[PDB]
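>>> Here is the input, now give the coordinates:
(one chain, ligands or ions: 8)
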Amino acid sequence: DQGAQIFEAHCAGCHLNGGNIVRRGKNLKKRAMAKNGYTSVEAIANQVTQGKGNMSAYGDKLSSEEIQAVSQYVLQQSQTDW
Ligand code: HEC
Ligand SMILES: [Cl-]
Ligand SMILES: [Cl-]
Ligand SMILES: [Cl-]
Ligand SMILES: [Cl-]
Ligand code: NA
Ligand code: NA
Ligand code: NA
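Numbers count the residues shown, from 1 in each chain. Ligands and ions are numbered 1, 2, ... in the order given. Right below this line is the structure:
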């Protein structure tokens with residue numbers, strides 16, 4: 001539940017319903033996530049913490065516990081397709 005709330009507050013601006021309005025080829029749905037190896041909590045949490053390209057780093061914005069919770073939410077949603 002907390003993971004979904006964090007996602008709504010911090011991630012849905014760019015990734016609503018698992019999309020990516022900024023970088024077409026890097027969404028949160030099964031195909032792109034599997035291709036890029038975002039298939040574990042740790043893989044996702046590392047990317048969220050440090051940022052990448054035009055995506056900001058969240059390591060100074062969200063706590064480690066919040067990053068874990070949102071990463072689990074994204075993993076579950078991706079694996080089951082949003
Ligand atoms: C727009 C300002 C964004 C917000 C808010 C968040 N993300 Fe993002 N994300 C964004 C871009 C431009 C990209 C591509 C970065 C690149 O590699 O060039 C991404 C990518 C991801 C990914 C990887 C998806 C994939 O490879 O298919 C993940 C797992 C991801 N973003 C997660 C995520 C979370 C959990 C966010 C809130 C804390 C979040 N993003 C915010 C743009 C934006
Ligand atoms: Cl981009
Ligand atoms: Cl990537
Ligand atoms: Cl990373
Ligand atoms: Cl940043
Ligand atoms: Na909410
Ligand atoms: Na674009
Ligand atoms: Na801070």
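>>> Look up how far ligand 1 lies from the residue nearest the centre of the chain.
Nearest residue to the geometric centre of the chain (CA atoms, centre = their mean): residue 74, 5.2 Å. Counting by CB to the nearest ligand atom, to the nearest Å, the separation of residue 74 from ligand 1 is 5 Å. Yep, even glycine has a C-beta here, placed from its N, CA and C like the rest.
>>> Just the buried residues of whichever helix or strand that residue is part of, please?
Using DSSP states H and E, residue 74 sits in helix 64-79. Using 16 or more other CB atoms under 10 Å as the test for burial, helix 64-79 gives 66, 67, 68, 69, 70, 71, 73, 74, 75, 77, 78.
>>> Can you tell me how far the residue of the chain positioned farthest from its centre is from residue 42?
Residue farthest from the centre of the chain, counting by CA atoms, centre = their mean, is residue 60 at 16.0 Å. As judged by CB to CB, to the nearest Å, residue 60 and residue 42 stand 19 Å apart.
>>> Please apply the same query to residue 50.
Taking CB to CB as the measure, residue 50 falls 13 Å from residue 42.
>>> And the helices in the chain?
For the chain, applying DSSP state H gives helices covering 2-10, 12-15, 30-35, 41-50, 64-79.
>>> I'd like the ones you listed as TSV, with distance to residue 22 appended.
Shown next, in TSV, are the helices of the chain (distance: least, CB to CB, whole Å):
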stretch	distance to residue 22
helix 2-10	15
helix 12-15	5
helix 30-35	13
helix 41-50	15
helix 64-79	16
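>>> Of all these, which one comes closest to ligand 5?
helix 41-50 (8.7 Å; CB to the ion).
>>> For the chain, which residues are neighbours of ligand 1?
Where the chain comes near ligand 1, counting by CB under 6 Å from any ligand atom, the residues are 10-11, 13-15, 20, 22-23, 26-28, 32-33, 36, 38, 44, 47-48, 52-55, 58, 70, 74.
>>> try it again with 5 Å
When proximity is defined by CB under 5 Å from any ligand atom, the chain lies next to ligand 1 at 10-11, 13-14, 22-23, 26, 32, 36, 38, 44, 48, 52-55, 58, 70.
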